[PDB]
Amino acid sequence: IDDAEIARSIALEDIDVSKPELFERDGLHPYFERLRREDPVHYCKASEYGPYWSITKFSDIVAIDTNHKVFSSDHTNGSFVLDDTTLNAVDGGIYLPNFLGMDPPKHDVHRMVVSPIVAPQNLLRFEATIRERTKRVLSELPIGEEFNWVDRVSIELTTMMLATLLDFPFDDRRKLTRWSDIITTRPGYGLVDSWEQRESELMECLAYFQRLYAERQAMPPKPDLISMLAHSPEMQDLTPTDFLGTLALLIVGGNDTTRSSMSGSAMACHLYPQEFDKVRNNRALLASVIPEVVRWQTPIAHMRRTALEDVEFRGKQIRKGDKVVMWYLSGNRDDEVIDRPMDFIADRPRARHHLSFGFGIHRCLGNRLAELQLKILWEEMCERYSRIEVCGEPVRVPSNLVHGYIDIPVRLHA
Ligand code: HEM
């Protein structure tokens with residue numbers, strides 16, 4: 001398929017950027033280029049998820065994200081992703097309510113329970129712990145033999161990081177990757193064969209975490225996420241559904257995003273070897289490289305809202321009940337705000353000014369944890385490797401939400 005030809009040729013009204021097939025072949029940029037130029041607040045009438053608004057420009061996306069009283073995230077209105085099966089009991093899905101899918105006032109009550117995980121002193125302890133654990137993984141990677149970087153680096157380090165945050169048994173940490181993966185999938189997408197199989201694996205997740213929760217309730221408070229839920233007065237009446245929904249948020253939130261950033265790091269070093277060379281020669285560039293990895297990869301391609309009011313936005317009449325989608329993958333390529341945004345630039349000015357963590361009351365809680373783990377990985381790459389070679393076909397995730405990789409064949413050079 002030639003996405004450039006279609007995007008030039010078809011009527012504006014027939015553009016649907018939501019198809020997971022487009023993400024699998026990273027074919028979105030010709031469509032987004034046309035929408036940002038010709039119709040930046042665009043109504044799509046025909047899609048699998050019903051009709052929706054696409055918000056494609058940087059400034060416009062900030063406006064939606066920061067107006068939570070007009071543009072709702074609440075689970076009672078359908079929650080915060082475009083595909084209604086991921087978090088609602090519809091068409092084979094199950095109900096997964098959580099504080100990212102809550103509007104105020106309840107949102108703030110739940111966020112405050114887990115916000116100590118990024119207290120300053122915990123970030124310092126976390127950084128010291130991660131450093132040694134990361135060193136140990138990287139020092140066993142072969143030189144001059146092909147391996148899947150997603151398997152040996154992205155998953156290996158990400159599941160070690162999330163296990164540290166949950167104090168999850170280290171020997172079972174592969175379960176965290178499995179549970180994360182099935183939350184954002186559908187039957188036939190290559191992970192589960194049925195909705196029922198998905199439901200079974202999530203009940204197994206619930207049973208495992210319930211055992212851990214009961215253990216944490218009976219020991220002193222510790223700086224781990226399950227401990228924080230287990231000792232919180234305001235969390236004592238979670239229904240089974242709310243508990244499972246909250247676990248889903250913490251498992252996917254810390255897993256899929258960081259994994260995708262680690263996979264993008266390898267792609268960046270191969271496609272832009274001179275930028276890797278720069279930071280290797282000058283380690284002060286880590287400050288600008290890490291936010292740029294996250295902007296360039298954009299691990300979460302969109303977040304979705306539902307309008308609670310009729311509202312005229314940039315000249316367009318949004319109606320109460322309409323789906324509104326913030327395309328972070330488009331916004332992070334808006335050259336009104338970001339110069340030469342298709343390329344990876346180790347040394348970019350105002351490198352923290354990107355959309356990948358959102359803006360407003362739902363801005364990513366764990367952004368400092370991700371950035372510290374990515375810093376430590378780049379420190380180690382810089383010390384151990386002359387270059388990172390992608391030597392076979394990359395295989396991408398079929399999702400309009402998770403913007404990441406299944407397979408990146410690499411060879412390391414020293
Ligand atoms: C590069 C890594 C990451 C990216 C790109 C990312 C992206 C996001 C985005 C896009 C949101 C929603 C923003 C909005 O709607 O305005 C979010 C929220 C959240 N993230 Fe992250 N995230 C990352 C790492 C992490 C990690 C490591 C954790 C936990 C250990 C985490 C936990 C959360 C939580 C709990 C929320 C909900 C905040 C709320 O509703 O108040 N994230 N993240």
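Values reported hereafter were calculated over all heavy atoms of this structure, with side chains retained and with hydrogens, waters and symmetry mates removed. Every number for a ligand or one of its atoms is a count from 1 in the order of the listing. Each residue takes its place number in the sequence, starting with 1.
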| said: Measuring from non-hydrogen atoms of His107 to any atom of ligand 1, is the shortest distance under 4.0 Å? | reply: yes

| request: Enumerate the atoms of ligand 1 whose separation from the nearest heavy atom of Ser261 is less than 4.0 angstrom. | output: 1 (C)

| task | Give yes if a backbone or side-chain nitrogen or oxygen of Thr258 is under 3.5 Å from a nitrogen or oxygen of ligand 1, and no if not. | result | no

| field | Subset of ligand 1 atoms that lie under 4.0 Å from at least one heavy atom of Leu165 | value | 30 (C)

| Any N or O of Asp65 closer than 3.5 Å to N or O of ligand 1 | yes

| field | Contact with ligand 1 for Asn98, non-hydrogen, under 4.0 angstrom | value | no

| message | Quiz question: by atom type and distance under 3.5 Å, do the side chains of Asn255 and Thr177 form a donor-acceptor pair? | response | no

| said: Testing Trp296, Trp378, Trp149 one by one against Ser265 for a side chain to side chain donor-acceptor pair (under 3.5 Å), which residue passes? | reply: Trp378

| request: Determine, using heavy atoms of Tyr328 and all atoms of ligand 1, whether some pair is separated by less than 4.0 Å. | output: yes

| Hey, is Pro299 touching ligand 1 through its side chain, its backbone, both or neither, going by heavy atoms under 4.0 Å? | side chain

| Do the charged groups of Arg178 and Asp181 touch, with an N to O distance under 4.0 Å? | no

| note | Numbered in order shown, the ligand 1 atoms found under 4.0 Å of a heavy atom of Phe359 are 16 (O)

| field | Contact (N/O only, under 3.5 Å) between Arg305 and ligand 1 | value | yes

| request: Return the option from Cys364, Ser115, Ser356, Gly358 holding the heavy atom at the smallest distance from atom 18 (C) of ligand 1. | output: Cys364

| In terms of side-chain heavy atoms, does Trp327 have a donor or acceptor partner in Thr56 at a distance below 3.5 Å? | no

| said: Once side chain to side chain contact (heavy atoms under 4.5 Å, CB included) is applied, do any residues pair with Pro233, and if so which ones, sequence neighbours excluded? | reply: none

| task | For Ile361, take its heavy atoms, then give the atoms of ligand 1 lying under 4.0 Å from any of them. | result | 41 (O)

| Purely on distance, is any nitrogen or oxygen of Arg111 under 3.5 Å from one on ligand 1? | yes

| note | The single option from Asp84, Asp83, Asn400 that satisfies side chain to side chain donor-acceptor pair (under 3.5 Å) with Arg304 is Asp84

| query | Between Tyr328 and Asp65, is any side-chain donor less than 3.5 angstrom from a side-chain acceptor? | reply | yes

| message | Can you confirm if the NZ or CZ of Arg173 lies within 45° of the ring axis of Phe170 and under 6.0 Å from the centre of its six-membered ring? | response | yes

| Which pairs pass side chain to side chain donor-acceptor pair (under 3.5 Å) with one or both residues in residues 87-98, sequence neighbours excluded? | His75-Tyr95

| said: Does either side chain, that of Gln236 or that of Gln217, offer a donor lying less than 3.5 Å from an acceptor on the other one? | reply: yes

| field | Test item, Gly360 contacting ligand 1 (heavy atom, 4.0 angstrom) | value | no

| task | Before signing off on this row, confirm whether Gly253 and ligand 1 have an N or O atom pair separated by under 3.5 Å. | result | yes

